[PDB]
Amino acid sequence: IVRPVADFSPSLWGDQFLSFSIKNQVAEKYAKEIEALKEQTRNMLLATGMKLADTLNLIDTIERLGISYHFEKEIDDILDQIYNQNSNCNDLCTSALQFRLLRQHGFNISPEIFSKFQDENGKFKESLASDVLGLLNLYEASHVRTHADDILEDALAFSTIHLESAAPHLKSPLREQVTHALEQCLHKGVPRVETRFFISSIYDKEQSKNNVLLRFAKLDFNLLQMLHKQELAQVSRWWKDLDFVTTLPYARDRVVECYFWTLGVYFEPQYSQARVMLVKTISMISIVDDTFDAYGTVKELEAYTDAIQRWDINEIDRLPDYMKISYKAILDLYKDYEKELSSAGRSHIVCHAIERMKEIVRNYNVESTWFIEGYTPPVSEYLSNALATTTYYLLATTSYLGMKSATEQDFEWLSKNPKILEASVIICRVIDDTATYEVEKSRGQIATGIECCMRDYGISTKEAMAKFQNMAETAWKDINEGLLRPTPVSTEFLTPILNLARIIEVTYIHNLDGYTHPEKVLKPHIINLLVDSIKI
């Protein structure tokens, strides 16, 4: 009873991450200077007598430099004051920046601030077209709108068309920043990679840059990168010791890409343990996906699914040898989770991620059944199954395991599929389906997202893809709304969900996937985040 073909490619990375030894003297040097620079920066933020525009530009610069996580309380205190005071700036640049920064931090500033910039017909004054800084900040702000922000409904188009027109004659690095913005907006980018671009490509080249902030940003980035490299080394050894690339030769060898995903979810030092836990789940679920997608028979897949629901090592005899391997590994991983959380007294919350694993395996099996039967469900039924198979319910849940602050109440909220989680999952689903359609259409998939859509609504491939794009647009507004205070849980637990939506947009940018193993899209970001340090 034959199997498919060894179609996947090996890891292009070889063993270059397997061992990293931190030059402890260099790390301590960096850490010591950063401490001094951190305090100088804190004093900049706490300086009195600053004008609004200067204050917002300082916060914006520090956030783009990737060092705002050092100043969460200070920044919040300042934005909170700005929110509460009657800000009457009549310039497009400052208004739009004020709007963006406040909204991104959950402050529900009214979009009425943009009215003065529009005619009686609610359309932006074309006379703004010669204000590039205003256009740029309006552009960035337009990506943070909610359903209640229809005054901004054309801001994206307006600013885009005029930025395009102005870009080639702008000075550097403003030109590069505008051109980059048009390709990748700040709000929907992966924070470490926008940070890397801003530091090296923009701020390092800005005539007016603050030397203290630039040096701070460079040292902090490179020191954090050291931690990330230690983590990836530890994870690479863990993966190598599992030796799935030998025992399960049908499976993808992509632990570097999996680790990069965790880096998108959170990069800060306090989430080191969290990333190491998360990456192991991402690696293992890609094994499961592949087992379902191109190796297991119907009968094998049904026993696998059943064994997962029972979740007992006793069940392993009921499986073929090759499934025994991943099944034991899955059970071991969660017992490992329980042990490393027991000292903190948080072993009891591992069950929540276990339930999501059980869930996605059920839905994998449904997807297989559908495929075997040649079933094309209506979109509603399709999504009822296919949202879970994005892995995003599992990943979001898993992201909390290593977060010391995460409580049972936080897991209970997540367990109900709150709107902001649903939105992120939907974004991942429709982006994947748009990119996967043409290739999977030839692979025999009758139950692919776009096909379900085409058949349900009786529309073309283009119309279906536009309907899917609209779903993603709607979901981004939902995410944006879901960040607004008062939040149902602490914002610390929302940002992973937002960041999950960010990575998938970035990974499938410009279409499609992108193409052939999203590795090609990820490769330069992995180089920039995990191989090459920022030259100082």
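Residues carry their position along the shown sequence, with the first being 1.
- 19 to 27 and 6 to 14 differ in mean CA B-factor, and the higher of the two is recorded for 6 to 14.
- Annotation for 521 to 529 versus 508 to 516: the higher mean temperature factor (C-alpha) is found in 508 to 516.
- Per the PDB entry, 246 shows the highest C-alpha temperature factor of the residues 146, 246, 272, 363.
- Between the residues 192, 429, 209, 455, it is 455 that shows the highest Cα B-factor in the PDB record.
- In this PDB entry, the Cα temperature factor of residue 482 sits in the bottom third of its chain's modelled residues, the lowest group.
- The PDB entry assigns residue 33 a C-alpha temperature factor belonging to the middle third of its chain's modelled residues.
- For residue 467, the recorded CA B-factor ranks within the middle third of the chain. Only modelled residues enter the ranking.
- Placement of the Cα temperature factor of residue 63 within the chain: lowest third of the modelled residues, per the deposited record.
- The entry lists a Cα temperature factor for residue 51 that places it in the highest third of the chain's modelled residues.
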